[PDB]
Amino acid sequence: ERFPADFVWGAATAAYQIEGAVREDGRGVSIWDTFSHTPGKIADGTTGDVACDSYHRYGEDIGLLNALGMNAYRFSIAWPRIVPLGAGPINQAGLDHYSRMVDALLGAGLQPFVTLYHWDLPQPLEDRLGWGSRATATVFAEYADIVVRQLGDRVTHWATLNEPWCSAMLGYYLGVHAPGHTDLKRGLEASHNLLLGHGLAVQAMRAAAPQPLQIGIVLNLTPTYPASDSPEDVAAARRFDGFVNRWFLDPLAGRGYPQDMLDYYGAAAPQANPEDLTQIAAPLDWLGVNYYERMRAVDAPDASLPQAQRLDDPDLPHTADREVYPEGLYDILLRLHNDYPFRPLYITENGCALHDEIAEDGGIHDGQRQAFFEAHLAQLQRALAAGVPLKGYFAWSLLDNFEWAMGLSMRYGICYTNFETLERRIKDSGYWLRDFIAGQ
């Protein structure tokens, strides 16, 4: 029934998804400014130019967090605000903004869980191959150093990257996220350079820190299950599990890249010397899990790599964009706790998108999202029972926002955002979370 009295309860956002104010106060151009302004890349014609206006309105966001009774806020710092040219001088006005925001959070009793990199690569870097260039790793670590120097007196818990799989594979292989490239080799190169940047940044942060820090990385993980026990389907499940999960988990754990996936990728695989792998494995203080869905895999020998497709299950519920499978959160956590070295663990995202509307009464009756939280929280109790060292949970998202290639059309908030007026209102699932956390 009850979580630890010191458990972290929060909600999560990312800078480009919420801030707006894309040209204000020296901010540079990010890959997502370029990509969202390219016709056809975003489903609904929208951009992050305004989004939730949280650059100006983070006080309102704090108001929501307070009303929900949370004790933490997971948000990202926009590299474009800090180092507008990507490699170059700092923009002190960017640092001061986040300093005030940090102070406002602490004043409110909300612990800042800061993500350094949530996908907003400065475009000048991308002009020099972006994550396809080792140099971008080096300058990422420089950025991480500067931010920690200024804010590490107040912020203890930091994450280097969010969802490197997405940045590499959706940004550089599948083309659906910024910058929009479509080549496997560049995706895999990008994955390496992200991981290297991570590891360089960890070391840089520890040296720059004015106090000891709790440094992590945030990974999306997708528990994968073969649709049958055939050798074809099991192999398909392994390939998909390697493509999403083990590709990142293994090097981080100091186990190198998984050899099965190296063989599979062939000459598309990256150049990975021992020195880089050592740096990638820089010791972490925690690992963040972003959990949404499972993959029930059938072999798909004509599909692109990894040649594994989802077998739909019409007896499971679906949201606006995903299949719901709460058990997968228990499975993936039990696997981390027993099979990998990372500890403690945080759930740094979990949530769902629905076709939310304000009803005649003025509330948002998003029962399926309440049920989603209740079912996943129950699985976290099961994981805790099994000994998994879980220390906190962040709902994705605090508020509806710019959901990447889906635009503002795909609503993940526990709070509803009216994108015309910028008014926010707590959804019924948000009130549920409030009352559940208060009970805890």
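Don't overthink the numbering: it's just position in the shown sequence, from 1.
S.K.: Using only C-alpha atoms and the B-factors in the entry, which stretch averages higher, 274 to 282 or 126 to 134?
M.R.: If you average the C-alpha B-factors of 274 to 282 and of 126 to 134, the larger mean comes out for 274 to 282.
S.K.: Identify the stretch, either 416 to 424 or 8 to 16, whose C-alpha atoms have the larger mean B-factor according to the entry.
M.R.: Comparing 416 to 424 with 8 to 16, the higher mean C-alpha B-factor belongs to 416 to 424.
S.K.: Among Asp229, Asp241, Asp356, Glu327, which carries the highest Cα B-factor?
M.R.: Across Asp229, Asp241, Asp356, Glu327, the entry lists the biggest C-alpha B-factor for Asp229.
S.K.: Tell me, please, which of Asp331, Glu163, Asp120, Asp313 has the highest C-alpha B factor according to the deposited entry?
M.R.: So the option with the highest C-alpha B-factor is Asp313.
S.K.: Please place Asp153 in the lowest, middle or highest third of its chain according to the CA B-factor in the PDB entry.
M.R.: Answer is highest: the recorded C-alpha B-factor places it there.
S.K.: What third of the chain does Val114 rank in for C-alpha temperature factor, lowest, middle or highest?
M.R.: Answer is middle: the recorded C-alpha B-factor places it there.
S.K.: What third of its chain's C-alpha B-factors does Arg343 belong to: lowest, middle or highest?
M.R.: Tercile = middle for this residue's CA B-factor.
S.K.: Taking the entry's C-alpha B-factors for this chain, is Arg186 in the lowest, middle or highest third?
M.R.: Its C-alpha B-factor, which the entry lists for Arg186, ranks in the highest third among residues of this chain.
S.K.: For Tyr257, return the chain-relative third of its C-alpha B-factor as stated in the PDB record: lowest, middle or highest.
M.R.: Highest third, going by the recorded CA B-factors of the chain.
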